[PDB]
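data01.txt follows (compact mmCIF, C-alpha atoms and all ligand atoms):
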# COMPACT_ATOMS: atom_id res chain seq x y z
CA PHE A 1 -32.18 -5.44 25.55
CA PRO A 2 -33.79 -5.96 27.94
CA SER A 3 -33.22 -9.73 27.88
CA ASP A 4 -33.84 -10.39 31.60
CA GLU A 5 -34.34 -8.82 35.05
CA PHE A 6 -30.72 -7.61 35.22
CA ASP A 7 -31.21 -5.66 31.99
CA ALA A 8 -34.61 -4.42 33.25
CA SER A 9 -32.92 -3.07 36.40
CA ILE A 10 -30.33 -1.31 34.23
CA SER A 11 -33.24 0.28 32.31
CA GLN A 12 -34.70 1.42 35.63
CA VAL A 13 -31.36 3.11 36.51
CA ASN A 14 -31.52 4.94 33.18
CA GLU A 15 -35.12 6.01 33.92
CA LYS A 16 -34.02 7.41 37.30
CA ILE A 17 -31.16 9.32 35.68
CA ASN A 18 -33.66 10.80 33.19
CA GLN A 19 -36.01 11.74 36.06
CA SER A 20 -33.09 13.45 37.81
CA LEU A 21 -32.24 15.46 34.71
CA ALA A 22 -35.94 16.39 34.31
CA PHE A 23 -36.16 17.74 37.86
CA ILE A 24 -32.96 19.76 37.28
CA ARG A 25 -34.49 21.16 34.07
CA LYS A 26 -37.50 22.33 36.02
CA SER A 27 -35.31 23.89 38.71
CA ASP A 28 -33.17 25.68 36.09
CA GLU A 29 -36.32 27.00 34.34
CA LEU A 30 -37.69 28.41 37.64
CA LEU A 31 -34.32 30.14 38.32
CA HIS A 32 -34.00 31.66 34.85
CA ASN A 33 -37.32 33.30 35.72
CA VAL A 34 -35.81 34.90 38.89
CA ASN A 35 -34.60 38.52 39.03
CA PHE B 1 -4.65 2.21 33.60
CA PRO B 2 -6.19 3.11 31.27
CA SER B 3 -5.51 -0.03 29.22
CA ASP B 4 -8.57 0.19 26.94
CA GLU B 5 -11.90 1.95 26.27
CA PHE B 6 -13.54 0.39 29.35
CA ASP B 7 -10.84 1.89 31.56
CA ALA B 8 -11.11 5.20 29.65
CA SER B 9 -14.86 5.28 30.40
CA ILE B 10 -14.13 4.63 34.08
CA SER B 11 -11.73 7.63 33.97
CA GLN B 12 -14.53 9.70 32.45
CA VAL B 13 -16.82 8.74 35.38
CA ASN B 14 -14.11 9.92 37.77
CA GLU B 15 -13.81 13.20 35.82
CA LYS B 16 -17.59 13.74 36.12
CA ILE B 17 -17.47 13.07 39.86
CA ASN B 18 -14.67 15.66 40.17
CA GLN B 19 -16.72 18.16 38.12
CA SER B 20 -19.67 17.56 40.45
CA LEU B 21 -17.55 18.21 43.52
CA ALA B 22 -16.14 21.37 41.88
CA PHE B 23 -19.61 22.78 41.21
CA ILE B 24 -20.59 22.03 44.83
CA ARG B 25 -17.44 23.84 46.00
CA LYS B 26 -18.46 26.89 44.04
CA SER B 27 -22.01 26.75 45.42
CA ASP B 28 -20.72 26.41 49.01
CA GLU B 29 -18.33 29.37 48.49
CA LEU B 30 -21.20 31.59 47.22
CA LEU B 31 -23.33 30.61 50.27
CA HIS B 32 -20.59 31.23 52.83
CA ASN B 33 -20.62 34.76 51.39
CA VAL B 34 -24.38 35.14 52.17
CA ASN B 35 -25.70 36.97 55.25
CA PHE C 1 -22.96 -10.29 53.35
CA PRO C 2 -20.50 -8.77 53.84
CA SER C 3 -18.17 -11.68 53.05
CA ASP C 4 -15.10 -9.62 52.10
CA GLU C 5 -13.75 -6.13 51.33
CA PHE C 6 -15.68 -5.91 48.04
CA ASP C 7 -18.94 -6.48 49.91
CA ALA C 8 -17.82 -4.03 52.63
CA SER C 9 -17.25 -1.36 49.94
CA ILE C 10 -20.73 -2.05 48.56
CA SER C 11 -22.09 -1.50 52.10
CA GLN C 12 -20.20 1.80 52.22
CA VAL C 13 -21.90 2.88 48.95
CA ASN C 14 -25.26 2.09 50.54
CA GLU C 15 -24.29 4.12 53.64
CA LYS C 16 -23.41 7.11 51.41
CA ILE C 17 -26.73 6.83 49.57
CA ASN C 18 -28.52 6.84 52.96
CA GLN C 19 -26.49 9.89 54.05
CA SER C 20 -27.49 11.65 50.83
CA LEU C 21 -31.17 10.91 51.42
CA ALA C 22 -30.82 12.14 55.04
CA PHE C 23 -29.34 15.47 53.96
CA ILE C 24 -32.17 15.88 51.40
CA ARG C 25 -34.70 15.14 54.18
CA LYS C 26 -33.22 17.91 56.26
CA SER C 27 -33.25 20.33 53.31
CA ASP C 28 -36.90 19.47 52.52
CA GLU C 29 -37.88 19.97 56.20
CA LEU C 30 -36.22 23.44 56.27
CA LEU C 31 -38.09 24.42 53.05
CA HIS C 32 -41.50 23.20 54.24
CA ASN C 33 -40.93 25.69 57.06
CA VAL C 34 -40.45 28.58 54.55
CA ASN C 35 -43.23 31.05 53.68
CA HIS D 1 -39.22 37.88 58.87
CA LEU D 2 -38.09 37.60 55.23
CA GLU D 3 -34.36 37.50 56.00
CA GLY D 4 -35.31 34.59 58.27
CA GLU D 5 -36.80 32.87 55.22
CA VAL D 6 -33.78 33.63 53.08
CA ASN D 7 -31.66 32.13 55.84
CA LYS D 8 -33.73 28.89 55.93
CA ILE D 9 -33.14 28.56 52.17
CA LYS D 10 -29.35 29.08 52.58
CA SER D 11 -29.32 26.37 55.25
CA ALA D 12 -31.44 24.09 53.08
CA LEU D 13 -29.09 24.50 50.10
CA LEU D 14 -26.06 23.83 52.31
CA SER D 15 -27.75 20.53 53.30
CA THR D 16 -28.58 19.71 49.61
CA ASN D 17 -24.94 20.33 48.79
CA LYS D 18 -23.84 17.85 51.47
CA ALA D 19 -26.26 15.35 49.90
CA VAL D 20 -24.59 15.71 46.53
CA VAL D 21 -21.10 15.32 48.07
CA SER D 22 -22.21 12.17 49.89
CA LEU D 23 -23.73 10.67 46.74
CA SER D 24 -20.61 11.61 44.71
CA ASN D 25 -18.45 9.80 47.23
CA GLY D 26 -20.67 6.70 47.02
CA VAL D 27 -20.48 6.75 43.17
CA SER D 28 -16.66 7.07 43.43
CA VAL D 29 -16.48 3.91 45.60
CA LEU D 30 -18.88 2.08 43.30
CA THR D 31 -16.79 3.07 40.25
CA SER D 32 -13.68 1.61 41.94
CA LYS D 33 -15.52 -1.65 42.60
CA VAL D 34 -16.70 -1.92 38.94
CA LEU D 35 -13.09 -1.46 37.79
CA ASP D 36 -12.02 -4.12 40.33
CA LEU D 37 -14.60 -6.55 38.92
CA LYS D 38 -13.39 -5.93 35.36
CA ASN D 39 -9.75 -6.54 36.39
CA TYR D 40 -10.73 -9.68 38.37
CA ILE D 41 -12.47 -11.11 35.31
CA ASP D 42 -9.56 -10.36 32.97
CA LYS D 43 -6.70 -11.25 35.35
CA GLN D 44 -8.20 -13.99 37.62
CA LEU D 45 -11.03 -15.64 35.66
CA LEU D 46 -9.87 -15.56 32.05
CA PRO D 47 -6.36 -16.98 32.74
CA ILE D 48 -7.74 -20.09 34.46
CA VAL D 49 -10.56 -20.46 31.89
CA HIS E 1 -28.30 44.45 50.07
CA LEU E 2 -30.87 41.64 50.44
CA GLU E 3 -31.55 41.27 46.71
CA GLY E 4 -27.78 40.82 46.46
CA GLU E 5 -28.09 37.90 48.89
CA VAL E 6 -31.03 36.42 47.02
CA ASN E 7 -28.92 36.66 43.88
CA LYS E 8 -25.96 34.80 45.49
CA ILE E 9 -28.39 31.99 46.40
CA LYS E 10 -29.75 31.82 42.81
CA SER E 11 -26.18 31.57 41.53
CA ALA E 12 -25.33 28.96 44.14
CA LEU E 13 -28.34 26.81 43.19
CA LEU E 14 -27.47 27.10 39.49
CA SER E 15 -24.01 25.71 40.40
CA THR E 16 -25.58 22.89 42.54
CA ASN E 17 -27.77 22.02 39.58
CA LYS E 18 -24.69 21.71 37.32
CA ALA E 19 -23.21 19.39 39.97
CA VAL E 20 -26.22 17.11 39.79
CA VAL E 21 -26.12 17.07 35.95
CA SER E 22 -22.41 16.19 36.01
CA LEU E 23 -22.94 13.38 38.53
CA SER E 24 -25.96 12.08 36.54
CA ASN E 25 -23.81 11.93 33.43
CA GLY E 26 -21.10 10.00 35.31
CA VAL E 27 -23.70 7.51 36.65
CA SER E 28 -25.03 7.08 33.07
CA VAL E 29 -21.54 6.14 31.81
CA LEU E 30 -20.99 3.84 34.77
CA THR E 31 -24.35 2.13 34.13
CA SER E 32 -23.30 1.48 30.50
CA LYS E 33 -20.03 -0.07 31.68
CA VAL E 34 -21.84 -2.39 34.17
CA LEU E 35 -24.12 -3.57 31.35
CA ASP E 36 -21.01 -4.10 29.16
CA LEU E 37 -19.41 -6.23 31.90
CA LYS E 38 -22.56 -8.35 32.23
CA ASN E 39 -22.70 -8.92 28.45
CA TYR E 40 -18.95 -9.71 28.32
CA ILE E 41 -19.39 -12.36 31.01
CA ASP E 42 -22.41 -13.96 29.32
CA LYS E 43 -21.21 -13.69 25.69
CA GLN E 44 -17.36 -13.88 25.96
CA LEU E 45 -16.57 -15.74 29.20
CA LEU E 46 -19.36 -18.29 29.56
CA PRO E 47 -19.14 -19.63 25.96
CA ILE E 48 -15.43 -20.49 26.31
CA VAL E 49 -15.91 -21.81 29.87
CA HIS F 1 -42.18 41.18 44.03
CA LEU F 2 -39.17 39.93 46.02
CA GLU F 3 -41.11 37.38 48.08
CA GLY F 4 -42.24 36.08 44.68
CA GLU F 5 -38.57 35.59 43.79
CA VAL F 6 -37.79 33.94 47.10
CA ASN F 7 -40.71 31.61 46.41
CA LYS F 8 -39.40 30.66 42.93
CA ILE F 9 -36.08 29.73 44.58
CA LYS F 10 -37.84 27.57 47.22
CA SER F 11 -39.71 25.78 44.44
CA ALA F 12 -36.53 25.39 42.43
CA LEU F 13 -34.67 23.85 45.40
CA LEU F 14 -37.57 21.48 46.07
CA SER F 15 -37.20 20.30 42.44
CA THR F 16 -33.36 19.98 42.81
CA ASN F 17 -33.96 17.89 45.92
CA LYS F 18 -36.25 15.54 43.96
CA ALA F 19 -33.45 15.25 41.39
CA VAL F 20 -31.01 14.11 44.03
CA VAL F 21 -33.51 11.57 45.45
CA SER F 22 -34.13 10.17 41.96
CA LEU F 23 -30.40 9.86 41.24
CA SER F 24 -29.80 8.28 44.68
CA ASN F 25 -32.45 5.68 43.92
CA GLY F 26 -30.83 4.91 40.55
CA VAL F 27 -27.38 4.52 42.21
CA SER F 28 -28.97 2.18 44.81
CA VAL F 29 -30.34 -0.08 42.03
CA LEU F 30 -27.03 0.04 40.18
CA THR F 31 -25.15 -0.90 43.38
CA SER F 32 -27.43 -3.95 43.80
CA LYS F 33 -26.71 -5.02 40.22
CA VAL F 34 -22.90 -4.71 40.72
CA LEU F 35 -23.17 -6.91 43.82
CA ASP F 36 -25.28 -9.38 41.79
CA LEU F 37 -22.59 -9.51 39.09
CA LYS F 38 -19.87 -10.16 41.68
CA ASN F 39 -21.90 -13.00 43.25
CA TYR F 40 -22.71 -14.47 39.80
CA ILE F 41 -19.01 -14.57 38.94
CA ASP F 42 -18.01 -16.17 42.25
CA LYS F 43 -20.96 -18.59 42.60
CA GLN F 44 -21.95 -19.39 38.95
CA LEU F 45 -18.84 -18.82 36.80
CA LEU F 46 -15.94 -19.84 39.03
CA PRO F 47 -17.45 -23.20 40.13
CA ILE F 48 -17.89 -24.40 36.53
CA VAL F 49 -14.50 -22.95 35.46
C1 LIG G 101 -5.17 -10.38 39.73
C2 LIG G 101 -6.36 -9.71 40.38
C3 LIG G 101 -6.84 -8.51 39.87
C4 LIG G 101 -7.92 -7.90 40.46
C5 LIG G 101 -8.52 -8.44 41.60
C6 LIG G 101 -9.71 -7.71 42.20
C7 LIG G 101 -9.34 -6.59 43.17
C8 LIG G 101 -8.43 -7.01 44.34
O1 LIG G 101 -9.07 -8.05 45.11
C9 LIG G 101 -8.06 -9.64 42.13
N1 LIG G 101 -8.64 -10.22 43.23
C10 LIG G 101 -8.14 -11.50 43.79
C11 LIG G 101 -8.98 -12.09 44.90
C12 LIG G 101 -8.52 -13.31 45.47
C13 LIG G 101 -9.23 -13.93 46.49
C14 LIG G 101 -10.42 -13.36 46.93
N2 LIG G 101 -11.32 -13.75 47.89
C15 LIG G 101 -12.29 -12.83 47.87
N3 LIG G 101 -13.35 -12.87 48.69
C16 LIG G 101 -13.52 -13.91 49.71
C17 LIG G 101 -14.43 -15.01 49.20
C18 LIG G 101 -15.89 -14.58 49.06
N4 LIG G 101 -16.83 -15.73 48.89
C19 LIG G 101 -18.21 -15.38 49.28
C20 LIG G 101 -19.12 -16.59 49.06
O2 LIG G 101 -19.05 -17.10 47.72
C21 LIG G 101 -17.72 -17.44 47.34
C22 LIG G 101 -16.87 -16.19 47.48
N5 LIG G 101 -12.06 -11.87 46.96
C23 LIG G 101 -12.89 -10.66 46.75
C24 LIG G 101 -13.46 -10.52 45.39
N6 LIG G 101 -13.13 -9.35 44.75
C25 LIG G 101 -13.65 -9.14 43.52
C26 LIG G 101 -13.30 -7.85 42.82
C27 LIG G 101 -14.44 -10.10 42.92
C28 LIG G 101 -14.79 -11.30 43.59
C29 LIG G 101 -14.24 -11.49 44.84
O3 LIG G 101 -14.50 -12.59 45.60
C30 LIG G 101 -10.89 -12.18 46.33
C31 LIG G 101 -10.19 -11.51 45.31
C32 LIG G 101 -6.97 -10.27 41.51
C1 LIG G 102 -19.46 -10.54 22.64
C2 LIG G 102 -19.09 -9.37 23.53
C3 LIG G 102 -20.08 -8.72 24.25
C4 LIG G 102 -19.74 -7.66 25.07
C5 LIG G 102 -18.43 -7.18 25.12
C6 LIG G 102 -18.14 -6.01 26.04
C7 LIG G 102 -18.39 -4.63 25.41
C8 LIG G 102 -17.64 -4.38 24.08
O1 LIG G 102 -16.22 -4.50 24.28
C9 LIG G 102 -17.42 -7.82 24.40
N1 LIG G 102 -16.12 -7.40 24.46
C10 LIG G 102 -15.05 -8.07 23.68
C11 LIG G 102 -13.64 -7.61 23.97
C12 LIG G 102 -12.60 -8.22 23.23
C13 LIG G 102 -11.27 -7.87 23.43
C14 LIG G 102 -10.97 -6.90 24.39
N2 LIG G 102 -9.78 -6.37 24.81
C15 LIG G 102 -10.10 -5.51 25.78
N3 LIG G 102 -9.17 -4.78 26.43
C16 LIG G 102 -7.74 -4.83 26.10
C17 LIG G 102 -7.02 -5.77 27.05
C18 LIG G 102 -6.91 -5.23 28.47
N4 LIG G 102 -5.93 -5.98 29.31
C19 LIG G 102 -5.45 -5.17 30.45
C20 LIG G 102 -4.46 -5.99 31.28
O2 LIG G 102 -5.01 -7.26 31.70
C21 LIG G 102 -5.47 -8.04 30.61
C22 LIG G 102 -6.52 -7.22 29.87
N5 LIG G 102 -11.41 -5.44 26.00
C23 LIG G 102 -12.09 -4.52 26.94
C24 LIG G 102 -12.89 -5.17 28.00
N6 LIG G 102 -14.21 -4.81 28.05
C25 LIG G 102 -14.97 -5.34 29.02
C26 LIG G 102 -16.43 -4.93 29.07
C27 LIG G 102 -14.45 -6.26 29.91
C28 LIG G 102 -13.08 -6.63 29.87
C29 LIG G 102 -12.33 -6.07 28.86
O3 LIG G 102 -10.99 -6.32 28.71
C30 LIG G 102 -12.01 -6.33 25.15
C31 LIG G 102 -13.36 -6.66 24.96
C32 LIG G 102 -17.77 -8.91 23.60
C1 LIG G 103 -25.68 -18.65 42.44
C2 LIG G 103 -26.02 -17.30 41.84
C3 LIG G 103 -25.66 -16.14 42.51
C4 LIG G 103 -25.96 -14.91 41.96
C5 LIG G 103 -26.69 -14.81 40.78
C6 LIG G 103 -26.99 -13.42 40.24
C7 LIG G 103 -28.25 -12.78 40.82
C8 LIG G 103 -29.54 -13.62 40.68
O1 LIG G 103 -29.80 -13.88 39.29
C9 LIG G 103 -27.07 -15.96 40.09
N1 LIG G 103 -27.76 -15.90 38.90
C10 LIG G 103 -28.16 -17.13 38.18
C11 LIG G 103 -28.76 -16.91 36.81
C12 LIG G 103 -29.18 -18.06 36.09
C13 LIG G 103 -29.74 -17.96 34.82
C14 LIG G 103 -29.87 -16.69 34.25
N2 LIG G 103 -30.36 -16.30 33.04
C15 LIG G 103 -30.21 -14.97 33.01
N3 LIG G 103 -30.59 -14.22 31.97
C16 LIG G 103 -31.25 -14.78 30.78
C17 LIG G 103 -30.24 -15.00 29.68
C18 LIG G 103 -29.71 -13.71 29.05
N4 LIG G 103 -28.99 -13.92 27.77
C19 LIG G 103 -28.96 -12.70 26.95
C20 LIG G 103 -28.19 -12.97 25.65
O2 LIG G 103 -26.87 -13.50 25.89
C21 LIG G 103 -26.89 -14.68 26.68
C22 LIG G 103 -27.59 -14.34 28.00
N5 LIG G 103 -29.66 -14.49 34.14
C23 LIG G 103 -29.45 -13.06 34.46
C24 LIG G 103 -28.05 -12.68 34.72
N6 LIG G 103 -27.82 -12.10 35.94
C25 LIG G 103 -26.57 -11.69 36.22
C26 LIG G 103 -26.32 -11.04 37.57
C27 LIG G 103 -25.54 -11.90 35.32
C28 LIG G 103 -25.77 -12.49 34.05
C29 LIG G 103 -27.06 -12.90 33.80
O3 LIG G 103 -27.44 -13.47 32.62
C30 LIG G 103 -29.42 -15.57 34.95
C31 LIG G 103 -28.86 -15.63 36.24
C32 LIG G 103 -26.72 -17.21 40.64
Show this structure as structure tokens.
Amino acid sequence: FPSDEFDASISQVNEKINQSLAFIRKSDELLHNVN
Amino acid sequence: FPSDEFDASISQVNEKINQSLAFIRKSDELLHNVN
Amino acid sequence: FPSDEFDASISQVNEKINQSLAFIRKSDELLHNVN
Amino acid sequence: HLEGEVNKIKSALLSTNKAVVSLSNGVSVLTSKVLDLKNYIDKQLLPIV
Amino acid sequence: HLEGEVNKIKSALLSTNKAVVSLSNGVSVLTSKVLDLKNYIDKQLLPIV
Amino acid sequence: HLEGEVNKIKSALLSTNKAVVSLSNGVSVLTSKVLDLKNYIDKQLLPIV
């Protein structure tokens, strides 16, 4: 893996999930700094 | 259903969707209390 | 496409993704109006 | 003015929440279709193969 | 009162963020299952077909 | 101080919104791949089976 373009697209989905989680981390960090 | 581990994983996706919707419900309820 | 109910469901997923992006657009537009 | 701002943010978050509901509903439909594909393979394809 | 409101919004957004994490985790599992289906077709179905 | 807080929340929600866009784009790619799998089964597998 990845053996072909289908597997490469699956990898891209995983990269977008990781980007999502990263943006949530940043949002959470900003909020834990709010009082 | 579930007949195997593939079906059990599908059930897990459905549980995560329901968790998502639950967290949105809570957020909505907090906001409808804002003025 | 769509050739059948499976393809019609796929189209529905795409419509829900577009609805999601539309609601984010609206949220972004409201925030870019915040100071 | 500031309560106006706070209100824009409440409205914005209500819209973001609708985005997440919409996406969740799309993922639910997609999940159903993946399960349908798996069952089609096991119960339509494999028995004639 | 207003800081109370601001606080409700912070709490709300923390909950929205948990929603997005939950949905992301569900999409990650679903993605794995789609890859499994593709590999099953190529490595279990096609060789006996 | 409080406008500072309000500003942190605006920034946070802008980041949450980027999360939802990213996840939506991943679900769009995944959806395309599920449709590709369905078409492969019907148009590559079934005709040789
Ligand atoms: C025993 C059992 C278990 C599970 C299922 C899948 C869910 C119910 O359809 C079935 N389906 C039977 C079943 C029987 C006839 C079907 N006909 C269709 N679609 C119409 C034909 C589409 N054309 C488009 C052009 O290329 C050739 C195929 N589908 C839709 C379809 N649906 C899926 C999921 C995959 C491929 C697919 O073409 C059928 C499903 C049967
Ligand atoms: C070489 C290779 C590569 C990839 C895979 C898929 C991931 C690992 O299972 C496999 N799986 C072998 C493999 C071998 C025996 C298996 N048995 C099952 N499930 C139990 C049977 C389920 N029943 C339910 C009723 O209708 C008939 C099928 N699965 C689960 C399953 N899993 C998928 C993804 C699709 C269909 C499917 O039934 C198997 C997978 C093998
Ligand atoms: C008529 C018709 C309609 C739809 C499709 C699918 C989308 C376009 O590829 C096709 N594809 C033809 C087509 C022809 C040759 C192909 N070769 C590959 N991949 C390279 C081989 C991968 N190896 C990895 C190891 O185990 C054996 C398979 N794919 C990628 C691939 N893609 C999918 C979706 C499923 C399985 C799969 O291996 C092909 C798709 C054809």
Closest contacts (chain F/ligand LIG 103 (chain G), max 6 Å, all atoms listed in the file) as a Markdown table:
| residue | atom | partner | partner_atom | distance |
| --- | --- | --- | --- | --- |
| F:36 | CA | G:LIG103 | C7 | 4.6 |
| F:37 | CA | G:LIG103 | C26 | 4.3 |
| F:39 | CA | G:LIG103 | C4 | 4.7 |
| F:40 | CA | G:LIG103 | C4 | 3.9 |
| F:43 | CA | G:LIG103 | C1 | 4.7 |
| F:44 | CA | G:LIG103 | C1 | 5.2 |
Inset, instruction - Select the residues contacting ligand LIG 102 (chain G) at a distance of at most 12 Å, based on all atoms listed in the file, then format the selection as an MDAnalysis selection string. - result: (chainID B and resid 1:10) or (chainID D and resid 34:47) or (chainID E and resid 30:48)
Skip range 13-15 of chain B itself and residues of its chain fewer than 6 positions away, then list as an mmCIF file with C-alpha atoms, in the coordinates of the input all residues within 7 Å of it, counting all atoms listed in the file.
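Result went into result-v7.cif, see below:
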data_model
loop_
_atom_site.group_PDB
_atom_site.id
_atom_site.type_symbol
_atom_site.label_atom_id
_atom_site.label_comp_id
_atom_site.auth_asym_id
_atom_site.auth_seq_id
_atom_site.Cartn_x
_atom_site.Cartn_y
_atom_site.Cartn_z
ATOM 1 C CA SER D 28 -16.660 7.070 43.430
ATOM 2 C CA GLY E 26 -21.100 10.000 35.310
ATOM 3 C CA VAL E 29 -21.540 6.140 31.810
ATOM 4 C CA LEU E 30 -20.990 3.840 34.770
#
Inset, instruction - Have a look at CA of residue 21 in chain E and CA of residue 25 in chain A and let me know their distance in Å, one decimal. - result: 9.5 Å
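If you count all atoms listed in the file and ignore residues fewer than 2 places along the chain from residue 23 in chain B, what sits within 8 Å of it is residues 19, 20, 21, 25, 26 and 27 of chain B; 15, 16, 18 and 19 of chain E.
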Legend entry - Protein/DNA/RNA residues near (-42.0, 32.4, 54.3), cut 12 Å, all atoms listed in the file, as a PyMOL selection string: (chain C and resi 30-35) or (chain D and resi 1-9) or (chain F and resi 2-10)
Dump C-alpha atoms for the selected residues as a PDB file, in the coordinates of the input?
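Listing of selection_21.pdb after writing:
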ATOM      1  CA  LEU C  30     -36.220  23.440  56.270  1.00  0.00           C
ATOM      2  CA  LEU C  31     -38.090  24.420  53.050  1.00  0.00           C
ATOM      3  CA  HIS C  32     -41.500  23.200  54.240  1.00  0.00           C
ATOM      4  CA  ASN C  33     -40.930  25.690  57.060  1.00  0.00           C
ATOM      5  CA  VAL C  34     -40.450  28.580  54.550  1.00  0.00           C
ATOM      6  CA  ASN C  35     -43.230  31.050  53.680  1.00  0.00           C
TER       7      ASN C  35
ATOM      8  CA  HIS D   1     -39.220  37.880  58.870  1.00  0.00           C
ATOM      9  CA  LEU D   2     -38.090  37.600  55.230  1.00  0.00           C
ATOM     10  CA  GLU D   3     -34.360  37.500  56.000  1.00  0.00           C
ATOM     11  CA  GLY D   4     -35.310  34.590  58.270  1.00  0.00           C
ATOM     12  CA  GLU D   5     -36.800  32.870  55.220  1.00  0.00           C
ATOM     13  CA  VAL D   6     -33.780  33.630  53.080  1.00  0.00           C
ATOM     14  CA  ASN D   7     -31.660  32.130  55.840  1.00  0.00           C
ATOM     15  CA  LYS D   8     -33.730  28.890  55.930  1.00  0.00           C
ATOM     16  CA  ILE D   9     -33.140  28.560  52.170  1.00  0.00           C
TER      17      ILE D   9
ATOM     18  CA  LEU F   2     -39.170  39.930  46.020  1.00  0.00           C
ATOM     19  CA  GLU F   3     -41.110  37.380  48.080  1.00  0.00           C
ATOM     20  CA  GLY F   4     -42.240  36.080  44.680  1.00  0.00           C
ATOM     21  CA  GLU F   5     -38.570  35.590  43.790  1.00  0.00           C
ATOM     22  CA  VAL F   6     -37.790  33.940  47.100  1.00  0.00           C
ATOM     23  CA  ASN F   7     -40.710  31.610  46.410  1.00  0.00           C
ATOM     24  CA  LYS F   8     -39.400  30.660  42.930  1.00  0.00           C
ATOM     25  CA  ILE F   9     -36.080  29.730  44.580  1.00  0.00           C
ATOM     26  CA  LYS F  10     -37.840  27.570  47.220  1.00  0.00           C
TER      27      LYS F  10
END
Superposed chain D (ref. Chain F, all C-alpha pairs in order) as a JSON list (two decimals) with C-alpha atoms, keeping the file's coordinate frame:
[["chain", "number", "residue", "atom", "x", "y", "z"],
["D", 1, "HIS", "CA", -42.18, 41.18, 44.03],
["D", 2, "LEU", "CA", -39.17, 39.93, 46.01],
["D", 3, "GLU", "CA", -41.11, 37.38, 48.08],
["D", 4, "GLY", "CA", -42.24, 36.08, 44.68],
["D", 5, "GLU", "CA", -38.57, 35.60, 43.79],
["D", 6, "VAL", "CA", -37.79, 33.94, 47.09],
["D", 7, "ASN", "CA", -40.71, 31.62, 46.42],
["D", 8, "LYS", "CA", -39.40, 30.66, 42.93],
["D", 9, "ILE", "CA", -36.08, 29.73, 44.58],
["D", 10, "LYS", "CA", -37.84, 27.57, 47.23],
["D", 11, "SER", "CA", -39.71, 25.78, 44.44],
["D", 12, "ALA", "CA", -36.52, 25.39, 42.43],
["D", 13, "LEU", "CA", -34.67, 23.86, 45.40],
["D", 14, "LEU", "CA", -37.57, 21.48, 46.07],
["D", 15, "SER", "CA", -37.19, 20.30, 42.44],
["D", 16, "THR", "CA", -33.35, 19.98, 42.82],
["D", 17, "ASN", "CA", -33.96, 17.89, 45.91],
["D", 18, "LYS", "CA", -36.25, 15.54, 43.97],
["D", 19, "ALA", "CA", -33.46, 15.24, 41.39],
["D", 20, "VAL", "CA", -31.01, 14.11, 44.03],
["D", 21, "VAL", "CA", -33.51, 11.57, 45.45],
["D", 22, "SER", "CA", -34.13, 10.17, 41.97],
["D", 23, "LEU", "CA", -30.40, 9.86, 41.24],
["D", 24, "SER", "CA", -29.80, 8.27, 44.68],
["D", 25, "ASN", "CA", -32.44, 5.68, 43.92],
["D", 26, "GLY", "CA", -30.83, 4.91, 40.55],
["D", 27, "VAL", "CA", -27.38, 4.52, 42.22],
["D", 28, "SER", "CA", -28.97, 2.18, 44.81],
["D", 29, "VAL", "CA", -30.34, -0.08, 42.03],
["D", 30, "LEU", "CA", -27.03, 0.03, 40.18],
["D", 31, "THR", "CA", -25.15, -0.90, 43.38],
["D", 32, "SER", "CA", -27.43, -3.95, 43.80],
["D", 33, "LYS", "CA", -26.71, -5.03, 40.22],
["D", 34, "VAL", "CA", -22.90, -4.70, 40.72],
["D", 35, "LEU", "CA", -23.16, -6.91, 43.82],
["D", 36, "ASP", "CA", -25.28, -9.38, 41.80],
["D", 37, "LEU", "CA", -22.59, -9.51, 39.09],
["D", 38, "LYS", "CA", -19.87, -10.16, 41.68],
["D", 39, "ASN", "CA", -21.91, -13.00, 43.25],
["D", 40, "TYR", "CA", -22.71, -14.47, 39.80],
["D", 41, "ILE", "CA", -19.01, -14.57, 38.94],
["D", 42, "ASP", "CA", -18.01, -16.18, 42.24],
["D", 43, "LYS", "CA", -20.96, -18.59, 42.59],
["D", 44, "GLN", "CA", -21.95, -19.39, 38.95],
["D", 45, "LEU", "CA", -18.84, -18.82, 36.80],
["D", 46, "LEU", "CA", -15.94, -19.83, 39.03],
["D", 47, "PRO", "CA", -17.45, -23.20, 40.12],
["D", 48, "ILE", "CA", -17.89, -24.40, 36.53],
["D", 49, "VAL", "CA", -14.50, -22.95, 35.46]]
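The spacing separating atom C1 of ligand LIG 101 (chain G) from CA of residue 16 in chain C amounts to 27.8 Å.
Interatomic distance, CA of residue 18 in chain C to CA of residue 11 in chain E: 27.3 Å.
Residues lying within 10 Å of residue 17 in chain A, counting only C-alpha atoms and ignoring same-chain neighbours fewer than 5 positions away, are residues 11, 12 and 22 of chain A; 21, 23, 24, 25, 27 and 28 of chain E; 19, 20, 22, 23, 24, 25, 26 and 27 of chain F.
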